[PDB]
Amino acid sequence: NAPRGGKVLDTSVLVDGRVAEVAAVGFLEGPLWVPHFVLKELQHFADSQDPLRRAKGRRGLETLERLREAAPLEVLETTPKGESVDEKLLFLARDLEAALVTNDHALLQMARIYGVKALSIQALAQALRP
């Protein structure tokens, strides 16, 4: 299973921010999909009076805006299967035949067990370290 259906992005990678530069440099082939709930999460963070959580919801969003430059990015309103965030991302990735893009340790594990391709920005980074 080698998915040409693009990429489903989670909160962690948008908060990390680097996915945006990886796309622009040509190593993140689209289409790029973000679930409605991920966005719902970045604004629940953005709506914080706590500057730390504010400044990271704010950050996820800027990453989105910058991605909508490198590539077609589209928000998925349509998510039917699954109860937890991790579970919804997985069936989402199988449905579109797209890879997950996430730094999340538990989600990367669930994906190996499901056999869903998942791309980790941190694993990419640690491969290219000096």
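Numbers follow the displayed sequence, beginning with 1.
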Higher average CA B factor in the deposited record is what I'm after, so tell me if that's 94-102 or 58-66.
58-66
Lowest, middle or highest third: which one holds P72 when the chain's residues are ordered by CA B-factor from the entry?
highest
Where the record places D86 (Cα B-factor, split into thirds across the chain):
lowest
Lowest, middle or highest third: where is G26 by Cα B-factor in its chain?
lowest
